[PDB]
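> Residue numbers (the authors' numbering), protein chains in the order written: chain A, 4 to 375; chain C, 4 to 375; chain B, 4 to 375.
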Ligand SMILES: Nc1ncnc2c1ncn2[C@@H]1O[C@H](COP(=O)(O)OP(=O)(O)O)[C@@H](O)[C@H]1O
Ligand SMILES: Nc1ncnc2c1ncn2[C@@H]1O[C@H](COP(=O)(O)OP(=O)(O)O)[C@@H](O)[C@H]1O
Ligand SMILES: Nc1ncnc2c1ncn2[C@@H]1O[C@H](COP(=O)(O)OP(=O)(O)O)[C@@H](O)[C@H]1O
Ligand SMILES: [Ca+2]
Ligand SMILES: [Ca+2]
Ligand SMILES: [Ca+2]
């Protein structure tokens, strides 16, 4: 009778909804706002803290804080506020009679998982729980049982190879370079044109202009020479005060940090070299099927032109005798949640739930034994 | 009315079919695979054991085990699994209404015979059964009655001389030097060029390299001087991860272990000297017929140039006044099956099966007094 | 009258000195460091590259490269620079009038060895050289002529059995599991407690943590049981910035990859099983001396409790009437150089030196015919 809830807790955006549906019921950015100015008006509905889209609407008078930093929950009171808002105010449901599925990045610290188990079996008193890896849900939504998944959120960019439903845990790659670092790099490179962006509302504006006006170059050097010589690549954006800015070559230097991490000073390899070493760390028999199935998910793969540059770099790195095809569906930023709608819908999954009873006589540590 | 099943149960491959047919139907290698990595995707028939060619298909995520090791059935549960697969899936017949002939190497322990008798009669409940020697079935398939048969499968190299149907049990020779050892030696010498192969999955790849690219040199020192002087003997192979390897003298260094077994530390004689010591251990007058009828059989005699080398070595070893002929049919790797199709079809053979009643009155020991 | 040099050029560290001495003079890790930021200060004695301890001290602004990867020399200009540094700058020795001795792990590919000849003769112009197997030098430093040597360096872990000075080439076992893989696995499991290490500069910090605080558990399951049920096993470590970390069960899980290599995903067996198969692949008589003369060498055998654990595992594997002794001297880290100094200063040794003239007619391929 009961229908399970699915809550994709990413790093910047939270997607919560019911199992079996095609699209998430509530998508809103996971932020907590607090007022940085004194209040002169008596009344006004002056809440001590703002959450969700309400904080995003009046961000000019709010200091905004992200409770998730690099896929790791730092502030927990903000997270119980986020989960209370998405349970009671958004979905308008009671958690006492609903199973609940969570998404977590691999190679995460363990105490995050026991505190996640602790802070919702005791407070919201759910009758079931499960925590799953995001890339497994990406293959569930993709409808195939084989491939290597590049998932890049706001904080974590991880590569997971899975062959015939059997994941290889030694081949799991994790990088801390994602869209927040791209936002910070876009803050850094806009100072040459003279536009100053320092505050968190300005960080939201930099995230919006990164969402609307960025793309990946197929080749960096020739398009840099084209932007230096010609005057066709620039575009205009309208700031919400009324000012208009013009951006030339910065709209393709920003995602290039994904392929060249030395721009922000990170020593580690690019995302193409990370994917190629993740394929190279796997066994020799399964690499042929892994070259033919490259699955993407997350909003950071929403830059136009990521697939062609990705295919060119993997085709350069791999030997030429292999065919390389990249699956990039246009609904992939909501991909992982749809896998949750695959996962709770199955009757085979219905006995591996962590109910209240095994949580009582084992403590939080049961989430290590059951989940993953 | 009932058709007898012929199941040549070799070390590497198994060949199952009906008696009277000219070729076996179910030919598949004798491996059992078990999962090695963590299973994450719920459902879709994740089996705990794969046997036969599907284990070859999924070998990148499976640890592989050979139940027969040099003609010794070690793990009997896997052997029962592969007999269940070759009865019920491949041939897809009821084993309780068909007689079953089985093959074995000579100088093999009696508990192997007793346990094959026990598993045939108690588990599958066959109505009749018989066990025969591989070299005798090779001489049946050769279509002659006098000769010395050298059969070298994947795990065993045996040599049996027969004159006018009367075998000579004192002159039967056995040697644990076959295709498994040749594969391991080729795995050892491939590291000199920098190619590394360690796992059991890529042992099949090294076996395929040995099948496709090796050959027997007529003169070893001249071929070594030719490989050292020039590069015409080099050949390339495509691994299934796209990497292209190339090998020079390693094509003919690997089968030379059959003629020079001191390369892997065994102080025993070569297979030509094994035949020469076999032919002098026979009686004084039957040697002339045995020299002209060197029947060759087995899968590891399919190398190019092995017959001319064997001709030169026996012609050097024997006194020069006789003809030495080596019978090498092009279908010789199935010959152990083919005479097994010959032997079960004879009307003079139908009285010497082991029935159910004889097993019930005499225990498993009936196969010692009846079979050979 | 001239003295020989002994330069153990292992995969992690270089240990160089004169023959006849009891201890090496120049011990430094095989590191080539290159700058990765921009240089803004004019002058300051800035160099294009760094080597040795000078690379180690300035590692915060450097990208570090190992030229040797699992025994195989990959980058040759870096290793030429390391040989130039250890000859001219460390030892203060002009190498045109001193012979040198070099070490190499067995089952290495041949193409290193001639190049290990070639730039030794064409660049530095040494009068003679010799290349030796490391386990032979370990048995020289042990002062006995009979035993099996487990040598585990930074890249290669190999077993070599030698009885009465006669090595058995077919029983030599190689396994690519050593201190770099242990460092990478420790770097993987340290993310469970929330400690992140991604750059190659802080890989040396993880190596120092592995050197100081790790130990081999005698029995694994009760050690995990008492690690979960108490906190006496936890130890604290000081990072050089000032931060303090605390490690618990990670102290003994990281040596356990030596005995349970399925943690990092390779299908192969542990070092005790590899030693046991190396003993059983030898001849039937000599095992009486091989069980009682286990010899350990290399820096990877420096963990506390490895000898008692290996004694318990070998005593489990061997039959109970066999006496098993493991020889673990406290100077076994430096034993390869000590045996090289013993061999180089030995009286009958000075006829198997590969001289300049013999290289001049024979080409680089003299090293296969003369050395080993
Ligand atoms: N249309 C778009 N184009 C480029 N980037 C986008 C787009 N939409 C979202 N993003 C980026 O994706 C990141 C978050 O995406 P997503 O993975 O869906 O959320 P989360 O990281 O919270 O799971 C944001 O930092 C944003 O910069
Ligand atoms: N064309 C070939 N070239 C070289 N070796 C071959 C060839 N075909 C088969 N073999 C070898 O024959 C061995 C097994 O052959 P066979 O005797 O038919 O199977 P079994 O030993 O199981 O009875 C294998 O190990 C394989 O290496
Ligand atoms: N005290 C110690 N405890 C544990 N491991 C050590 C210790 N000292 C060195 N090691 C390990 O030994 C490895 C290399 O040691 P060594 O064999 O001396 O150098 P090489 O492998 O270059 O010959 C290093 O990777 C290091 O992790
Ligand atoms: Ca996400
Ligand atoms: Ca055979
Ligand atoms: Ca060493």
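For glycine and all other residues, C-beta sits at the position ideal for the given N, C-alpha and C.
(1) Among B:356, B:301, B:347, B:350, which residue has its Cα nearest to the Cα of residue 333 of chain B?
(2) Determine the extent of the alpha helix (DSSP H) in which residue 120 of chain B is found, giving its start and end residues.
(3) Which residue's Cα is closest to the Cα of residue 89 of chain A: A:53, A:73, A:68?
(4) Within 10 angstroms of its Cβ, does residue 79 of chain C collect 16 or more other Cβ (buried), or is it exposed?
(5) Pick out every residue whose C-beta is nearer than 5 Å to a heavy atom of ligand 6: which are they, in chain order?
(6) Can you list, in chain order, the residues of its chain whose CB lies under 6 Å from that of residue 8 of chain C, leaving out five sequence neighbours each side?
(7) Kindly list the residues whose CB is nearer than 6 Å to the CB of residue 309 of chain B, restricted to its own chain and excluding five residues on each side of it in sequence; keep chain order.
(8) Is any non-hydrogen atom of ligand 4 found closer than 8 Å to the C-beta of residue 106 of chain A, if you look at the structure I gave you?
(9) Tell me, which residues are paired with residue 154 of chain A by DSSP?
(10) Looking at C-alpha atoms only, which residue of C:131, C:186, C:265, C:149 is the closest neighbour of residue 158 of chain C?
(11) Helix, strand or coil for residue 196 of chain B? Go by DSSP, reduced to three states.
(12) Should residue 204 of chain C be flagged as near chain A, meaning a C-beta pair shorter than 9 Å?
(13) Could you give the first and the last residue of the continuous beta strand (DSSP E) run that contains residue 225 of chain A?
(14) According to a CB-to-CB cut-off of less than 7 Å, which residues of the region 270 to 303 of chain A neighbour chain B?
(15) Identify each residue in the region 340 to 374 of chain A for which the Cβ-Cβ distance to at least one residue of chain C is less than 7 Å, and report them in chain order.
(16) Between residue 257 of chain B and ligand 3, is the CB less than 8 Å from at least one heavy atom?
(17) Counting only beta-carbon atoms, is residue 173 of chain B nearer than 9 Å to chain C?
(18) If the cut is a Cβ gap below 7 Å, which residues of chain B does residue 113 of chain A touch?
(19) Tell me where the beta strand (DSSP E) around residue 11 of chain C begins and ends.
(20) Return the first residue and the last residue of the beta strand (DSSP E) that residue 36 of chain B is part of.
(21) Looking at the unbroken alpha helix (DSSP H) that takes in residue 362 of chain C, where does it start and where does it end?
(22) Do residue 328 of chain B and residue 297 of chain B have their beta-carbon atoms positioned less than 9 Å apart in this structure?
(23) What would DSSP say about residue 59 of chain A, mapped onto helix, strand or coil?
(24) By a C-beta neighbour count over all protein chains shown, 10 Å radius and 16 as the cutoff for buried, is residue 394 of chain B buried or exposed?
(25) If we cut at 9 Å on Cβ distances, does residue 191 of chain C have a partner in chain B?
(26) Which full runs of the beta strand (DSSP E) of 3+ residues lie inside the region 44 to 88 of chain A, going along the chain?
(27) Taking contact to mean 3 or more Cβ pairs, one atom from each stretch, closer than 8 Å, check whether the region 343 to 356 of chain A and the region 129 to 144 of chain A are in contact.
(28) Is residue 108 of chain C near residue 136 of chain C, with beta carbons less than 9 Å apart?
(29) With DSSP as the reference, label residue 127 of chain C as helix, strand or coil.
(30) Looking only at C-alpha atoms, which of B:172, B:178, B:324, B:194 sits nearest to residue 294 of chain B?
(31) Using a C-beta cutoff of 9 Å, does residue 177 of chain B count as contacting chain C?
(32) Can you give the beta carbon distance from residue 203 of chain A to residue 67 of chain A, rounded, assuming they're within the 8 Å contact cut?
(33) Could you spell out the range, first to last residue, of the beta strand (DSSP E) harbouring residue 177 of chain A?
(34) Does the Cβ-Cβ distance between residue 287 of chain A and residue 74 of chain C come in under 9 Å?
(35) Please classify residue 221 of chain A: is it buried, with 16 or more other beta-carbons within 10 angstroms of its beta-carbon, or exposed?
(36) Within the present structure, is the beta-carbon of residue 342 of chain A separated from the nearest heavy atom of ligand 2 by less than 8 Å?
So, to answer that:
(1) Taking residue 333 of chain B as reference, the option from B:356, B:301, B:347, B:350 with the minimal CA-CA separation is B:301.
(2) 113 to 124
(3) A:53
(4) The Cβ neighbour count for residue 79 of chain C, taken over all protein chains shown within 10 Å, is under 16; the residue is labelled exposed.
(5) B:13, B:156, B:301
(6) Within its own chain, the residues whose Cβ lies closer than 6 Å to the Cβ of residue 8 of chain C, once the five positions on either side in sequence are excluded, are 101, 103, listed in chain order.
(7) Excluding residues within five positions, the ones whose Cβ falls inside 6 Å are 219.
(8) Yes, the Cβ of residue 106 of chain A comes within 8 Å of a heavy atom of ligand 4.
(9) Its beta-bridge partners are A:161, A:300.
(10) Checking every option, the nearest Cα to that of residue 158 of chain C belongs to C:186.
(11) helix
(12) yes
(13) For residue 225 of chain A, no beta strand (DSSP E) encloses it; the enclosing alpha helix (DSSP H) starts and ends at 223 to 232.
(14) Within the region 270 to 303 of chain A, the qualifying residues are 270, 271.
(15) From the region 340 to 374 of chain A, only 349, 351, 352 have a Cβ closer than 7 Å to chain C.
(16) no
(17) yes
(18) 195
(19) 8 to 12
(20) 35 to 38
(21) 359 to 365
(22) yes
(23) Look at residue 59 of chain A here: in three-state DSSP terms it is helix.
(24) The question about residue 394 of chain B has no answer, for chain B in this structure spans 4 to 375.
(25) Judged by the 9 Å Cβ criterion, residue 191 of chain C is in contact with chain B.
(26) For the beta strand (DSSP E) assignment, the uninterrupted runs of no fewer than 3 residues enclosed by the region 44 to 88 of chain A are, from N- to C-terminal side, 65 to 68.
(27) yes
(28) yes
(29) coil
(30) B:324
(31) yes
(32) Residue 203 of chain A to residue 67 of chain A, Cβ: 4 Å. Contact.
(33) 176 to 178
(34) no
(35) exposed
(36) no
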